Amino acid sequence: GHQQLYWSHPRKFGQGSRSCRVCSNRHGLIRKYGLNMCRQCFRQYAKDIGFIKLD
Amino acid sequence: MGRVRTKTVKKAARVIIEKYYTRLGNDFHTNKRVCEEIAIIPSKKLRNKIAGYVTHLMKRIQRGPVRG
Amino acid sequence: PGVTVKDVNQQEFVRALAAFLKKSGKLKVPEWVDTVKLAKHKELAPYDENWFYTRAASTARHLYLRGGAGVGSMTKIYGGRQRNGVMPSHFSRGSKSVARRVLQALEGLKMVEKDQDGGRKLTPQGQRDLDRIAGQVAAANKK
Amino acid sequence: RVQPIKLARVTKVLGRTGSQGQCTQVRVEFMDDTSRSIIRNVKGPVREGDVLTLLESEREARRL
Amino acid sequence: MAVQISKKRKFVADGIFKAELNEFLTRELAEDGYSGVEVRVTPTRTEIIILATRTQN
Amino acid sequence: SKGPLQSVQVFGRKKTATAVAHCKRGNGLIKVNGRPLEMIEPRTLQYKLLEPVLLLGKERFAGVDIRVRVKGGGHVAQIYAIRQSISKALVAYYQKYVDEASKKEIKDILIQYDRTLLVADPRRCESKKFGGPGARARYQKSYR
Amino acid sequence: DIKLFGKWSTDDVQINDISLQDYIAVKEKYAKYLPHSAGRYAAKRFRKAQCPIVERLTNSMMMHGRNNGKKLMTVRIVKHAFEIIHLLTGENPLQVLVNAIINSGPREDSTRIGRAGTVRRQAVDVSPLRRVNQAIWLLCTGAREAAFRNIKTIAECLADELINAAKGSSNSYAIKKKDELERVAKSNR
Amino acid sequence: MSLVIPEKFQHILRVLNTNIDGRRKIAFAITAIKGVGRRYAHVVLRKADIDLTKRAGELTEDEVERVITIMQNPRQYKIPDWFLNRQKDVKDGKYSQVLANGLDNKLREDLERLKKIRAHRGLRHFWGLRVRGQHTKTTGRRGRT
Amino acid sequence: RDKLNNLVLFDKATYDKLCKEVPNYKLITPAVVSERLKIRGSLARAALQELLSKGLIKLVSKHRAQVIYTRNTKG
RNA sequence: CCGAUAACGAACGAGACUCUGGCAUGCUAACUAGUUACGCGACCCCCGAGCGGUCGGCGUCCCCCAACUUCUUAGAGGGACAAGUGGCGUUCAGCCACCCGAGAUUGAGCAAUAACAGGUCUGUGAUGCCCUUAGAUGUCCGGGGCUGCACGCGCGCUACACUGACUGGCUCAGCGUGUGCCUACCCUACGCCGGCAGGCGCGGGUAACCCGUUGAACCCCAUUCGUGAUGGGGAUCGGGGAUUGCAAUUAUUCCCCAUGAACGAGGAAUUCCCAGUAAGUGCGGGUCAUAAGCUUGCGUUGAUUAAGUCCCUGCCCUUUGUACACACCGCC
Ligand SMILES: [Mg+2]
Ligand SMILES: [Mg+2]
């Protein structure tokens, strides 16, 4: 709560630095092509994004 | 194995033979050309499967009656 | 009856050139030649203590075949399999220092030079002697 | 007492047998005497027209 | 351009914009007969046309 | 004996290994990638490279000047692409400038030796599926 | 004329049995300069017969994982093996190859499924295509284990495997195994 | 010139405190010493400036004494410091190479001082476990039972 | 099938035996002669190439994996 | 599907469809792909080749200072349909063989009516209900932990060797990624220092422009080894050094010198698989401050066996039995 230690621990890197841009989860995150998307969320939004399972 | 024609191609071939018997013939390429215009088939793959069956029935009908 | 280095066996050409480098006392060699291995992935130093002449002969014709090749290009060429022990094998590039020393030694012999871009390319005197040894090794081999 | 080994020429393939398709009944007439033809149960791929060895003569082929 | 981003990343970013825009519009106009949306993007401007059943609402 | 503009270019490929043979009028010689066919990397298959020139002899090669550029594939695929490229290039050049009656009397020998010397192999590769290490191989499954 | 490996004409070779004469591809129209041709001989039935038998030998040599695709190695293996037999016998190595296959061809076998309730092993004959396939496989697997833990080279151990089989000296792996298959067919005929 | 075994041949001979074979190649035979690998053998025989195609039983006496002083005093003959065993040692800070049972004495020294200082690594050594952090839940059961 | 104890080098009994019997039979390979003479085989490679330089045998193959020699042609 | 036929005609699913692979010297075009021709060269030559040979050397959109799309890219089209022949078959649906053909079964994607109290509340600002809610099961910080080992099981990788390992030389790919709203994290050529891991300065690249002609491994060519748990094996462990991070001990990873453990083809059992398939063999992506023995792809080398069956194991249909219908995990 005090400012010196509330955010003292850095997260410049690692798995905690990155989160899903739809649900803030940190597991199964796709970082390719700047996606930054939780994978279940990406499977949900793939059609709107433009990804098609041609085969 | 696995060269059995579907009822889709079989039925369509019998229709066009009945409706245009004169314009057809014994040549596959001629048959697929006349089938190109008289009927609206979207697929070339379906198109020449129909013409293949029509050329098969043309040999049958020139030497005997058939179901159609 | 003109002969290019491309028109002889490269196996016999390379050893012929290294013997010429052995005879010509001009090519300088460093003092660690009996000590270090040729690459990261090698389990043992080369059996020929004349490996430096062999390698200088190799990189001589390599710069003949295509120019503009630098140290990283050289370590890529001479790279090889690394067993990785229990891990499955991979590809490890050659050592930089061994290739650099060869390039700077041939530089000192003055039949190779820096390009307008990076890397090094043969001098006209360079391919002059290369086609000279290629012709004579061809004539000896054919008969 | 040992019958001479001879050859038999395949005429037609009867089908498969042995409860797994491993064997194959076949009708064969000897080229020594082309009148006589028996069924022999072969092992392996056999076509029609090719010939095959026979260590005996009297033994025919039953099912399986 | 170095200030610019790669074209592959650009199309991904566009689809990200379209997906998020569609979801936000869905959750905002859920009762207002929301149907769909399209975007036309030009260097001059970007246009958003929302297709719905009750536009007067 | 001096006829210019007398040249063809015929490709040939197998397993993503294209090999374009340039053919033109000239004295009898052969070179791939700037080196003769004899000085090649898989010298155990060096007989297969000189196999086409052995079929119809060097006499039908003495009036021609052919050089090949090769890219792609591996050692075997390059060699096979090269030998079929040579046969296709010579046969097409012969068909272009002189009679096909004598083009046939070498084409028949080529096909009745090996049809791959004139007809490229249609097989390339099969994609990998997510159920096993390879195209059809599947990972080990265990019930206990 | 064709000169497989630069020598060893295939025009003076003969096949003594019509059983395998129509299934061996050593003839002139099946005479190749090298035992290497990716001719798609396994695409459908009864194609492997028309594939040259020396090509089949190199095919049956690459075995047991560490060399399952090294056709170049099996070609130089049969190349040196042809030299070795040609040295110590002098006759046509393709001829001794044909004779070795003929001898090692098992003319009878057991089906092993003769009776449902209890294993019976009904004795049956062997089709020619099985004759060559088993004969070559016995020769190649004999060569495989003849030099597993000794100084002997793969080319040499294959060579004496072929020589003993072709001469019927019964000290060959192929002759022992073929004889064993005959014995059981006699036993349960 | 590929002749018979010489009269001055040792079929088995003693180096330092232990025996090394003679039928083997010189570099690959002196590796039998507890502390020399194939790299060390090659690089000291190269500095010894003698043959490498002859066996260990071809090693005449002056060659024997030549190569043992090399292998006991490597740094004094321009062997690099990074080639050594006890580089920048914990006792004297002095580069050196350990051979024969001298390796076993330095190895024992580290193990007993690790137990003495009661570090985690020494405790694992004492308990007969692994030290490099590798897992033990599934493997290593042969070493215990 | 217990042990081989192959001889690293020649001696009185074997060196003369090699020089008297080797160039007589048809197959002269390092593997064959090492089986016959219980020699090591690295020695066999050195011995055969010295015999080839002595002109008692003729070279057939000269391959990296296997080198094969044969007896001289009688005439 | 064809056929007998109280049925006739349909619809879903299969198919059809989309993508992908092979062929078009057919069309459309390209300095971010190039190819032939030519002008300078550089070297080989010169016995004499001279319209000689090599060049990923330089130029001919440096814009007036060549043509063209064969090779590359990718659009529009075509092309294959059991179409030709022969044989079998009720002579019907089809099957097999062969000529010509690039191709005579390319792989995938999608996928019915329904069922599994199947898995997921730990993907979600999806969610009912319950619990907790200031000494917090909210939330932050620090340390430990998810690794911990008397043992059993599964997926794997490395090997048991000479078809080999080491040393050197020669040497050909294709997928595909590459500088960030948050988010401080990119691929990297060259030159120099270091043996190596690495370090320093200039570059290039938001990309068919640079890395990169992706100089990959396997394989190929020569030397050594020599049947020895041996130069196989690199497990275990000691010492030292670098990179990343705020932090490396319970060792992140990597590099070097050491030691060299079992393992000599594996019981009963058991998995996967039919053509560029298995298998060996590397390389990308995802994970990533650091990183693959995993996974997903890509390419290279490349076969043996079969064109059959219900014997085993499963699954489906028909018949049959039913006191089951919450439907056998039932009723009783
Ligand atoms: Mg479908
Ligand atoms: Mg060590």
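What counts, and at which threshold
Residues numbered from 1 in each chain as written, not as in the entry; some residues may be left out. Chains lettered and ligands numbered in written order. Part of a larger assembly, values for the part shown. Heavy atoms only, no water. UniProt positions renumbered as here; feature names shortened; annotations may be inferred. Helix = DSSP H or I, 4+ residues; strand = E, 2+ residues; numbered from the N terminus. Rg over C-alpha atoms; globule rule 2.2 N^0.38 Å. Buried < 20%, exposed > 50% of the residue type's maximum accessible area, 1.4 Å probe, protein only. Contact = heavy atoms within 4.5 Å. Core = buried A, V, L, I, M, F, W, Y, C linked by side-chain atoms within 4.5 Å. Pairing = 2+ DSSP bridges. Axes fitted to C-alpha atoms, helices over the stretch in contact; angles between N-to-C directions. Near = heavy atom within 4 Å. Polar contact = N/O pair within 3.5 Å; in protein donor to acceptor, adjacent residues only side chain to side chain.

For this deposition, the record names cryo-EM as the technique by which the model was determined and cites 2.9 Å as its resolution.

You'll find chain D entered in the PDB entry as 40S ribosomal protein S28, with Homo sapiens given as the organism. Here the PDB entry title reads "In situ human Hibernating rotate 3 with E-site tRNA state 80S ribosome". Quoted verbatim from the Subunit (literature references left out) field of the UniProt record, the comment on chain D reads "Component of the 40S small ribosomal subunit. Part of the small subunit (SSU) processome, composed of more than 70 proteins and the RNA chaperone small nucleolar RNA (snoRNA) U3." One UniProt comment on chain D, placed under Sequence similarities, says "Belongs to the eukaryotic ribosomal protein eS28 family."

Under the PDB entry, chain B has the name Small ribosomal subunit protein eS17 and belongs to Homo sapiens. Regarding chain B, the UniProt comment filed under Subunit (literature references left out) reads as follows: "Component of the small ribosomal subunit. Part of the small subunit (SSU) processome, composed of more than 70 proteins and the RNA chaperone small nucleolar RNA (snoRNA) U3." Taken directly from UniProt, the Sequence similarities text for chain B runs: "Belongs to the eukaryotic ribosomal protein eS17 family."

Attention now moves to the overall build of chain B. Looking only at helices and strands, chain B features three helices and zero strands. Secondary structure elements in chain B, listed N-terminal to C-terminal, are α-α-α. A compact globule built from 68 residues should have a C-alpha radius of gyration of about 11 Å, and chain B, at 11 Å, falls within 12% of that. For chain B, the spread of C-alpha atoms along the principal axes amounts to about 30 × 30 × 20 Å. Evaluated residue by residue, chain B yields a buried proportion of 26% over its 68 residues. The long-range share in chain B, meaning contacts at least 24 apart out of those at least 6 apart in sequence, stands at 58%.

For the rest of this paragraph, the subject is the nonpolar core. Counting 75 residues, the largest nonpolar core has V68(F), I82(F), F5(G) and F82(G) as its most contacted members. Those residues in contact with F5(G) that lie beyond four places of it in its chain are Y47(F), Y33(G), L34(G), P35(G), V75(G), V78(G), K79(G) and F82(G).

Pairing in this open sheet of six strands is mixed, and the strands run β4(D)-β1(D)-β2(D)-β3(D)-β2(G)-β1(G) from one edge to the other. Only two strands of the sheet have a single neighbouring strand rather than two, namely β4 (51–54) of chain D together with β1 (108–110) of chain G. The average undirected angle you get between the axes of adjacent strands in this sheet is 55 degrees. Where strand β1 (residues 6–17) of chain D and β4(D) come together, four bridges link them in antiparallel fashion. Of the residues in β4(D), the one forming a bridge with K6(D) is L54(D). Where helix α7 (residues 173–187) of chain G meets the sheet, its contacts fall on β1 and β2 (123–126) of chain G, and the angle it forms with β1(G) comes to roughly 65 degrees.

With that out of the way, let us pick up the protein's contact with RNA strand J. Taken together, 251 residues sit near RNA strand J, with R132(C), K15(F), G69(G), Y40(H) and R40(I) positioned nearest. Put simply, 72% of the atoms of RNA strand J that lie within 4 Å of the protein are in sugar or phosphate. Within the backbone of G72(C), an N or O atom sits 3.3 Å from a phosphate oxygen of RNA strand J. One of the side-chain nitrogen or oxygen atoms of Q82(C) is found 3.0 Å away from a phosphate oxygen of RNA strand J.

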